[PDB]
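Raw contents of start.cif, mmCIF, N, CA, C and O atoms:
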data_work
#
loop_
_atom_site.label_atom_id
_atom_site.label_comp_id
_atom_site.auth_asym_id
_atom_site.auth_seq_id
_atom_site.Cartn_x
_atom_site.Cartn_y
_atom_site.Cartn_z
N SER A 3625 -0.79 -1.18 4.01
CA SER A 3625 -1.13 -2.58 4.25
C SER A 3625 -0.99 -2.93 5.73
O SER A 3625 -1.83 -3.65 6.29
N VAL A 3626 0.08 -2.45 6.37
CA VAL A 3626 0.25 -2.74 7.79
C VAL A 3626 -0.90 -2.15 8.60
O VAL A 3626 -1.44 -2.80 9.50
N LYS A 3627 -1.29 -0.91 8.30
CA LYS A 3627 -2.40 -0.29 9.02
C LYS A 3627 -3.67 -1.12 8.85
O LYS A 3627 -4.40 -1.37 9.82
N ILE A 3628 -3.95 -1.55 7.62
CA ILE A 3628 -5.17 -2.31 7.35
C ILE A 3628 -5.16 -3.61 8.15
O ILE A 3628 -6.18 -4.00 8.74
N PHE A 3629 -4.02 -4.30 8.17
CA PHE A 3629 -3.99 -5.59 8.86
C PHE A 3629 -4.14 -5.41 10.37
O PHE A 3629 -4.80 -6.22 11.04
N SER A 3630 -3.54 -4.36 10.94
CA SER A 3630 -3.73 -4.10 12.36
C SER A 3630 -5.19 -3.82 12.67
O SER A 3630 -5.73 -4.31 13.68
N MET A 3631 -5.86 -3.04 11.82
CA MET A 3631 -7.29 -2.82 11.98
C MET A 3631 -8.06 -4.13 11.95
O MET A 3631 -8.97 -4.35 12.77
N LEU A 3632 -7.73 -5.02 11.01
CA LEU A 3632 -8.45 -6.28 10.91
C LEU A 3632 -8.26 -7.12 12.17
O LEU A 3632 -9.20 -7.77 12.65
N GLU A 3633 -7.04 -7.13 12.73
CA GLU A 3633 -6.83 -7.85 13.98
C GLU A 3633 -7.66 -7.25 15.11
O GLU A 3633 -8.24 -7.98 15.93
N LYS A 3634 -7.73 -5.91 15.19
CA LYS A 3634 -8.53 -5.29 16.24
C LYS A 3634 -10.01 -5.66 16.09
O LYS A 3634 -10.70 -5.87 17.09
N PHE A 3635 -10.50 -5.74 14.85
CA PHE A 3635 -11.84 -6.29 14.64
C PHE A 3635 -11.95 -7.72 15.14
O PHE A 3635 -12.94 -8.08 15.78
N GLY A 3636 -10.95 -8.55 14.84
CA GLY A 3636 -11.01 -9.94 15.26
C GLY A 3636 -11.05 -10.10 16.76
O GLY A 3636 -11.59 -11.09 17.27
N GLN A 3637 -10.48 -9.15 17.50
CA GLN A 3637 -10.43 -9.28 18.95
C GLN A 3637 -11.79 -9.18 19.64
O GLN A 3637 -11.88 -9.52 20.82
N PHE A 3638 -12.85 -8.75 18.95
CA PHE A 3638 -14.15 -8.57 19.58
C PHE A 3638 -15.06 -9.78 19.50
O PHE A 3638 -16.09 -9.81 20.19
N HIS A 3639 -14.74 -10.78 18.68
CA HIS A 3639 -15.62 -11.93 18.55
C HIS A 3639 -14.83 -13.08 17.95
O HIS A 3639 -14.01 -12.87 17.05
N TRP A 3640 -15.08 -14.29 18.44
CA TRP A 3640 -14.30 -15.46 18.04
C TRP A 3640 -14.41 -15.80 16.56
O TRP A 3640 -13.58 -16.54 16.04
N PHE A 3641 -15.42 -15.26 15.86
CA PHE A 3641 -15.63 -15.53 14.45
C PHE A 3641 -14.93 -14.54 13.52
O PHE A 3641 -14.80 -14.82 12.33
N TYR A 3642 -14.45 -13.41 14.04
CA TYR A 3642 -13.92 -12.33 13.20
C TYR A 3642 -12.40 -12.35 13.08
O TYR A 3642 -11.84 -11.42 12.49
N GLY A 3643 -11.72 -13.36 13.61
CA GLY A 3643 -10.28 -13.40 13.51
C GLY A 3643 -9.83 -13.48 12.06
O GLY A 3643 -10.46 -14.14 11.23
N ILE A 3644 -8.73 -12.79 11.75
CA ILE A 3644 -8.18 -12.72 10.40
C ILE A 3644 -6.75 -13.23 10.43
O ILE A 3644 -5.94 -12.79 11.26
N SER A 3645 -6.44 -14.16 9.53
CA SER A 3645 -5.10 -14.70 9.38
C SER A 3645 -4.36 -13.98 8.25
O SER A 3645 -4.98 -13.48 7.30
N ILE A 3646 -3.04 -13.93 8.37
CA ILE A 3646 -2.21 -13.21 7.40
C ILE A 3646 -2.31 -13.84 6.01
O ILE A 3646 -2.12 -13.15 5.00
N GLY A 3647 -2.58 -15.14 5.93
CA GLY A 3647 -2.61 -15.82 4.66
C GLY A 3647 -3.63 -15.26 3.68
O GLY A 3647 -3.28 -14.89 2.56
N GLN A 3648 -4.87 -15.18 4.15
CA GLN A 3648 -5.91 -14.65 3.25
C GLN A 3648 -5.49 -13.23 2.87
O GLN A 3648 -5.51 -12.93 1.67
N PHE A 3649 -5.07 -12.42 3.83
CA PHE A 3649 -4.77 -11.02 3.57
C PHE A 3649 -3.74 -10.87 2.46
O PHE A 3649 -3.93 -10.09 1.52
N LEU A 3650 -2.65 -11.63 2.54
CA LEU A 3650 -1.64 -11.58 1.49
C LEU A 3650 -2.20 -12.11 0.17
O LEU A 3650 -1.84 -11.61 -0.90
N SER A 3651 -3.09 -13.10 0.23
CA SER A 3651 -3.73 -13.58 -0.99
C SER A 3651 -4.57 -12.48 -1.63
O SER A 3651 -4.58 -12.34 -2.86
N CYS A 3652 -5.28 -11.71 -0.82
CA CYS A 3652 -6.04 -10.58 -1.36
C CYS A 3652 -5.11 -9.54 -1.98
O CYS A 3652 -5.41 -8.97 -3.04
N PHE A 3653 -3.98 -9.28 -1.33
CA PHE A 3653 -3.04 -8.32 -1.90
C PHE A 3653 -2.52 -8.81 -3.25
O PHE A 3653 -2.27 -8.01 -4.16
N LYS A 3654 -2.32 -10.13 -3.39
CA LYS A 3654 -2.00 -10.69 -4.70
C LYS A 3654 -3.15 -10.51 -5.68
O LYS A 3654 -2.94 -10.22 -6.86
N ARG A 3655 -4.38 -10.72 -5.20
CA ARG A 3655 -5.56 -10.53 -6.05
C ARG A 3655 -5.58 -9.13 -6.65
O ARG A 3655 -6.10 -8.94 -7.76
N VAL A 3656 -5.06 -8.14 -5.92
CA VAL A 3656 -5.00 -6.78 -6.45
C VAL A 3656 -4.27 -6.77 -7.79
O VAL A 3656 -4.72 -6.14 -8.76
N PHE A 3657 -3.13 -7.45 -7.87
CA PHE A 3657 -2.36 -7.48 -9.11
C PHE A 3657 -2.97 -8.43 -10.12
O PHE A 3657 -2.90 -8.17 -11.33
N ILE A 3658 -3.56 -9.54 -9.66
CA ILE A 3658 -4.10 -10.53 -10.58
C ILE A 3658 -5.22 -9.93 -11.41
O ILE A 3658 -5.29 -10.14 -12.63
N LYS A 3659 -6.11 -9.18 -10.78
CA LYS A 3659 -7.23 -8.56 -11.48
C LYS A 3659 -6.73 -7.46 -12.41
O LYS A 3659 -7.38 -7.15 -13.42
N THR A 3669 1.13 7.08 -11.78
CA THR A 3669 0.34 6.93 -10.56
C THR A 3669 0.01 5.45 -10.32
O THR A 3669 -1.06 5.12 -9.82
N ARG A 3670 0.95 4.58 -10.70
CA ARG A 3670 0.74 3.15 -10.52
C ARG A 3670 0.63 2.77 -9.05
O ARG A 3670 -0.21 1.94 -8.68
N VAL A 3671 1.47 3.37 -8.21
CA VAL A 3671 1.45 3.04 -6.79
C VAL A 3671 0.11 3.45 -6.18
O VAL A 3671 -0.46 2.73 -5.35
N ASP A 3672 -0.40 4.62 -6.58
CA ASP A 3672 -1.71 5.05 -6.11
C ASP A 3672 -2.80 4.08 -6.54
O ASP A 3672 -3.71 3.77 -5.76
N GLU A 3673 -2.72 3.59 -7.78
CA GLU A 3673 -3.69 2.62 -8.26
C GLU A 3673 -3.64 1.34 -7.43
O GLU A 3673 -4.68 0.79 -7.05
N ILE A 3674 -2.43 0.87 -7.13
CA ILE A 3674 -2.28 -0.35 -6.34
C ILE A 3674 -2.88 -0.15 -4.95
O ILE A 3674 -3.59 -1.02 -4.43
N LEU A 3675 -2.61 1.00 -4.33
CA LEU A 3675 -3.15 1.27 -3.00
C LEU A 3675 -4.68 1.31 -3.01
O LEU A 3675 -5.34 0.71 -2.14
N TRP A 3676 -5.26 2.03 -3.97
CA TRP A 3676 -6.71 2.14 -4.04
C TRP A 3676 -7.33 0.77 -4.27
O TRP A 3676 -8.33 0.41 -3.63
N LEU A 3677 -6.74 -0.02 -5.17
CA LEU A 3677 -7.23 -1.37 -5.40
C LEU A 3677 -7.13 -2.22 -4.15
O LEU A 3677 -8.00 -3.05 -3.89
N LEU A 3678 -6.07 -2.05 -3.36
CA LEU A 3678 -5.93 -2.84 -2.14
C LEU A 3678 -7.04 -2.51 -1.16
O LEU A 3678 -7.63 -3.42 -0.56
N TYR A 3679 -7.33 -1.23 -0.95
CA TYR A 3679 -8.46 -0.89 -0.08
C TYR A 3679 -9.75 -1.51 -0.59
O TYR A 3679 -10.50 -2.15 0.17
N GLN A 3680 -10.02 -1.36 -1.89
CA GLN A 3680 -11.25 -1.90 -2.45
C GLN A 3680 -11.34 -3.41 -2.23
O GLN A 3680 -12.37 -3.91 -1.75
N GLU A 3681 -10.26 -4.13 -2.52
CA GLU A 3681 -10.29 -5.58 -2.47
C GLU A 3681 -10.34 -6.10 -1.04
O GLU A 3681 -11.00 -7.10 -0.77
N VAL A 3682 -9.64 -5.44 -0.11
CA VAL A 3682 -9.75 -5.84 1.29
C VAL A 3682 -11.19 -5.73 1.75
O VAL A 3682 -11.73 -6.65 2.36
N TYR A 3683 -11.84 -4.59 1.46
CA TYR A 3683 -13.22 -4.45 1.89
C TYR A 3683 -14.10 -5.52 1.26
O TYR A 3683 -14.85 -6.22 1.95
N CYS A 3684 -13.97 -5.71 -0.06
CA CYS A 3684 -14.82 -6.68 -0.75
C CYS A 3684 -14.63 -8.08 -0.20
O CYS A 3684 -15.62 -8.81 0.01
N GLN A 3685 -13.39 -8.49 0.06
CA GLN A 3685 -13.15 -9.87 0.47
C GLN A 3685 -13.51 -10.11 1.93
O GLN A 3685 -14.03 -11.17 2.26
N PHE A 3686 -13.24 -9.14 2.81
CA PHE A 3686 -13.34 -9.39 4.25
C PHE A 3686 -14.57 -8.79 4.91
O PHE A 3686 -14.83 -9.12 6.08
N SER A 3687 -15.34 -7.94 4.24
CA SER A 3687 -16.56 -7.43 4.86
C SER A 3687 -17.64 -8.50 4.94
O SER A 3687 -18.52 -8.40 5.80
N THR A 3688 -17.59 -9.51 4.07
CA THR A 3688 -18.60 -10.56 4.10
C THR A 3688 -18.53 -11.39 5.37
O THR A 3688 -19.51 -12.08 5.70
N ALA A 3689 -17.41 -11.36 6.09
CA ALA A 3689 -17.26 -12.09 7.34
C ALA A 3689 -17.69 -11.28 8.56
O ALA A 3689 -17.55 -11.77 9.68
N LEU A 3690 -18.18 -10.06 8.36
CA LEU A 3690 -18.62 -9.20 9.45
C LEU A 3690 -20.14 -9.02 9.39
O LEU A 3690 -20.77 -9.19 8.35
N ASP A 3691 -20.71 -8.65 10.54
CA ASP A 3691 -22.13 -8.35 10.61
C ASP A 3691 -22.37 -6.89 10.24
O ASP A 3691 -21.45 -6.13 9.91
#
Could I get this structure in the form of structure tokens?
Amino acid sequence: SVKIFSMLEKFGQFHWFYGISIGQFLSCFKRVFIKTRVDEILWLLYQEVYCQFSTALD
């Protein structure tokens, strides 16, 4: 999760529209549970981060 959020901030640094706040990110991580257990949680987190935050990118 820390790696993903650092990546998202680095994306945000290239354009004023791409900034990412911690709030949405943690909400998405909650969405993972709302919708090898640790592996499942990790894979779901990658999937959900991409689904939620790729729509804000070109």
Original post:
Out of chain A, which residues get helix (DSSP H, G or I) from DSSP, as a ChimeraX atom specification?
Top reply: /A:3626-3636,3646-3658,3670-3689
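Using only C-alpha atoms for every distance, the candidate list A:3689, A:3639, A:3679, A:3626 yields A:3679 as the residue closest to residue 3652 of chain A.
A straight line drawn from atom CA of residue 3646 of chain A to atom CA of residue 3675 of chain A is 17.9 Å long.
With distances restricted to only N, CA, C and O atoms, A:3653 is the closest residue to residue 3677 of chain A from A:3653, A:3630, A:3635, A:3647.
Of the listed residues (A:3625, A:3690, A:3683, A:3671), A:3690 comes nearest to residue 3642 of chain A; the distances count only N, CA, C and O atoms.
Note that the spacing between atom N of residue 3628 of chain A and atom CA of residue 3657 of chain A amounts to 17.8 Å.
You will find atom CA of residue 3656 of chain A at 13.8 Å from atom CA of residue 3686 of chain A.
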Would you compute an axis-aligned box for segment 3670-3676 of chain A, covering every atom listed for it in the file with 6 Å of margin on each side, and report centre and edge lengths in Å to one decimal as lines of an AutoDock Vina configuration file?
center_x = -3.4
center_y = 2.0
center_z = -6.4
size_x = 21.8
size_y = 18.1
size_z = 20.6
**OP:** Within 8 Å of residue 3649 of chain A, counting all atoms listed in the file, which residues show up once you throw out same-chain ones fewer than 6 positions away? Write them as a PyMOL selection string, please.
**Re:** chain A and resi 3629+3655-3656+3678+3681-3682
Could you pull the residues within 8 Å of residue 3645 of chain A, counting all atoms listed in the file, minus those fewer than 4 positions along the same chain, as a PDB file with N, CA, C and O atoms, keeping the file's coordinate frame?
ATOM      1  N   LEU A3632      -7.730  -5.020  11.010  1.00  0.00           N
ATOM      2  CA  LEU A3632      -8.450  -6.280  10.910  1.00  0.00           C
ATOM      3  C   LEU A3632      -8.260  -7.120  12.170  1.00  0.00           C
ATOM      4  O   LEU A3632      -9.200  -7.770  12.650  1.00  0.00           O
ATOM      5  N   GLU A3633      -7.040  -7.130  12.730  1.00  0.00           N
ATOM      6  CA  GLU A3633      -6.830  -7.850  13.980  1.00  0.00           C
ATOM      7  C   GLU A3633      -7.660  -7.250  15.110  1.00  0.00           C
ATOM      8  O   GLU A3633      -8.240  -7.980  15.930  1.00  0.00           O
ATOM      9  N   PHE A3649      -5.070 -12.420   3.830  1.00  0.00           N
ATOM     10  CA  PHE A3649      -4.770 -11.020   3.570  1.00  0.00           C
ATOM     11  C   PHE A3649      -3.740 -10.870   2.460  1.00  0.00           C
ATOM     12  O   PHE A3649      -3.930 -10.090   1.520  1.00  0.00           O
ATOM     13  N   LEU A3650      -2.650 -11.630   2.540  1.00  0.00           N
ATOM     14  CA  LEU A3650      -1.640 -11.580   1.490  1.00  0.00           C
ATOM     15  C   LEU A3650      -2.200 -12.110   0.170  1.00  0.00           C
ATOM     16  O   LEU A3650      -1.840 -11.610  -0.900  1.00  0.00           O
ATOM     17  N   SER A3651      -3.090 -13.100   0.230  1.00  0.00           N
ATOM     18  CA  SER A3651      -3.730 -13.580  -0.990  1.00  0.00           C
ATOM     19  C   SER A3651      -4.570 -12.480  -1.630  1.00  0.00           C
ATOM     20  O   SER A3651      -4.580 -12.340  -2.860  1.00  0.00           O
TER      21      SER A3651
END
